[PDB]
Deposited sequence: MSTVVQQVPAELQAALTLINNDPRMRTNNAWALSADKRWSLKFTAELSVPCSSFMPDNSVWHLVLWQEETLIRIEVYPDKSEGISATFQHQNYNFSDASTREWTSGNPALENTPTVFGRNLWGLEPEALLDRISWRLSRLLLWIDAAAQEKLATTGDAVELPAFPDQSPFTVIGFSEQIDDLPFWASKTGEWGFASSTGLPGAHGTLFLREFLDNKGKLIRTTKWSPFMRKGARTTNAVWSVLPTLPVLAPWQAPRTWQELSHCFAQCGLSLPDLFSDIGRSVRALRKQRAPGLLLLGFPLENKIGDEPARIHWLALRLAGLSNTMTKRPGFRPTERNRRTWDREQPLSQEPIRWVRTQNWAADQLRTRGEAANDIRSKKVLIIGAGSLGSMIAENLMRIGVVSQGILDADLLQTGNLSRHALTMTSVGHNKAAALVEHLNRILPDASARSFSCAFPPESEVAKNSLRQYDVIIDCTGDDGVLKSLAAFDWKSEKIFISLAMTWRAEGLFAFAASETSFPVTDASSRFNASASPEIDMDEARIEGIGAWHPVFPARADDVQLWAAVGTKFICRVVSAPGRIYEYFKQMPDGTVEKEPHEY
């Protein structure tokens, strides 16, 4: 029997002025309740979307959550893929609906803030919310105003993209002019597999038609030590290869059509690639095709960077295209989740002591942005390798003679984490030949407190630090490492003569004097 809430939902659909339905609910073998209904428009219709579109409201439950989704009808529904919507593909199955469910949760600018509101918890209220959002979505898509000024440029959904393989590249703002003059040209490229990762590769160098280097990408020392294999082909396009309105090409014929629209020829490119492969005996066969194009970050802005798309590599065939996901591993694209200020990220930092506090402070500094670090203390070598295996833009250096003394003098911030007085005396007795910032950090007995000392002079004042000083479990060390990192950031922000003493309390609080 049809339960009560489904009857209430049917009544709700029937009551709506801009919605009609005749079929009743139906339970599927996969325990999904579906209903067929028709939607109208209050705006002039377009070619891609008719006024009266047929949809399929579907409800099911996976573990403890109840999924509410609306799917287009396989016969009288929309066939194009717009923004804020999955790919609209109809398969040969008993299903009566396609797979192009609009993403009603996402809120475009056209979607009013008051109209969006919040998602309720009751099934009937959730259904009403979803239906209202669907009506707004369909009218906006009819107006072709789903993406407007100020919105982020989201890439189109690519059908059948493997969720395991990723290709990494590094492209910055300064590299745009280099590629701006190569629109319509092609060449070879090489890539290397990430050691220890699962199904990840990254690009290394770019070549030309005859196999001559034109650009190299700079990676961390961990990544640089790898084999390079030329198994890719690149080609620069004027714009993003997207079909109207926002549909990604699915077959080779659609890709060729988009190429012709741009003003290029896929078969000519393939013939040239084959001919050049024949000419060069060293080259075996390319296996990947890379497409480059300028890309904006917001709608209404101008392009400032080059983005690359990959597909597994004919132009006239109707076979589906295999796409591979790509990520930009540039420095400004790595720490969008939180980073330190530019004043400390551009400093060369030397740390004395690879013990407990020093290694944790170095790891925190590397993760927050400071990439130029010198480890002086094997503990130093292991710490340097671990720091280099953290992010693609890490540059850590491990460690009498005048040349070595100058190398040490090249740094800007000197931090002491040894807890030894002889090291303080040696720091005071060393000739730095220029002004530096000196910071000293030390823990007390039983890790109950922390001494923080900072100075900005040509020589390290040891007597004042000793007078200030006179006047374990892993979590304690981690706590003091975090506090010391914040103290270092604050000192570098405003250099001077600063001394502070911190103390931890049994209830879990920390006090400063």
Which parts of the deposited sequence lack C-alpha coordinates? 1 to 6, 320 to 345, 410 to 430, 453 to 458, 531 to 554, 597 to 600
